[PDB]
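Just the one chain here, the form deposited in one PDB entry, laid out as structure tokens.
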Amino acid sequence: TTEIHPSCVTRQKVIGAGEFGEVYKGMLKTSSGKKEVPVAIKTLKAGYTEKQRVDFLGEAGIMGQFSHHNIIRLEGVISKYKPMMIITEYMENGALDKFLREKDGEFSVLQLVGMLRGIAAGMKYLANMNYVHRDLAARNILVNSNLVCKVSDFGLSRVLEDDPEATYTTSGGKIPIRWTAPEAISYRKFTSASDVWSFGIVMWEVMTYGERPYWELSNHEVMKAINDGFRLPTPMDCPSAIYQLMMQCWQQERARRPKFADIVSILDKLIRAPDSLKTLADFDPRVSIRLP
């Protein structure tokens, strides 16, 4: 984990404000002053607690363990000087859910499926590294200028044995239940198979351009529907094979869900033979329009 000297970091614009600190777009001078790259910079403001420090630096320490095209890349940290900083590659199009909501209907099916393949490859890498994400959702995916999607949001509570915060978000809040598999909701059994359930929800988010899973249903109403066997209906214009794959991610019995390797393989097969994506699942209309 590379310690960066503050003289190598310039902050150009705020892109996110927080209670704990801010996130900036900036530049990082690297390679002994011979290179310069755009970066995102997150700070931890003075007065942070020991827990806030361990969580903050812990996320960087985990990110530094990974080297994959579909996982956000860590440049390094500033810990010896204040404010402390985590510095990553800069993802020009921000969070995937917001990106899709601002680009509604503008991508092809093949582009959407390609985004899902990248996310699945990142998740396959994480799962094979024995990292369970626990909060996989489009809001935790970032998108670059070239439409590459990368998994982000990481924390020590996911790796430490019997962490008292293992069932919370990386901020200490409640993991939004509508992305979470039933056995993780009810028994706190988080595994890569519960991440697969979450990935299925991400597939639905992508194919709907960022719709809210289960629409207006409350959390208890979502739990009621899932445990009754209800599942999200097919998005509009969604390939049958893609909807079948998300349905398999949502099998109640976790051993019946695909592994991330299966997901990557299936998505690859569909992209390579794109006529396979022309068979569309029937979209259930929610409004009767009677016309001649």
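By rigid core we mean the largest C-alpha set that fits within 1.5 Å across both forms. So that there is no doubt, residue numbering starts at 1 and follows the sequence shown.
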item	value
No coordinates for residue 29 in a third or more of the other PDB entries	no
Residue 199 coordinate gap across at least a third of other entries	no
Between 239-247 and 28-36 (mean CA B-factor, as deposited), the higher	28-36
58-66 or 255-263, whichever carries the higher mean Cα B-factor	58-66
Of the residues 118, 200, 172, 210, the one carrying the largest Cα B-factor as recorded	172
C-alpha B-factor winner, where the candidates are 80, 178, 150, 139	80
Chain-wide C-alpha B factor ranking for residue 158, given as lowest, middle or highest third	highest
Ranked against its chain, the third holding the CA B-factor of residue 183	middle
Residue 195 - Cα temperature factor, lowest/middle/highest third of chain	lowest
Third assignment of residue 128 from its chain's C-alpha B-factors	lowest
For residue 122, the third of its chain into which the C-alpha B factor falls	lowest
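One more form of this protein exists, namely the form deposited in another entry; it is left out here, but the text below deals with it.
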| item | value |
| --- | --- |
| Core-superposed C-alpha of residue 282 shifting 2 Å or more between the shown form and the other one | no |
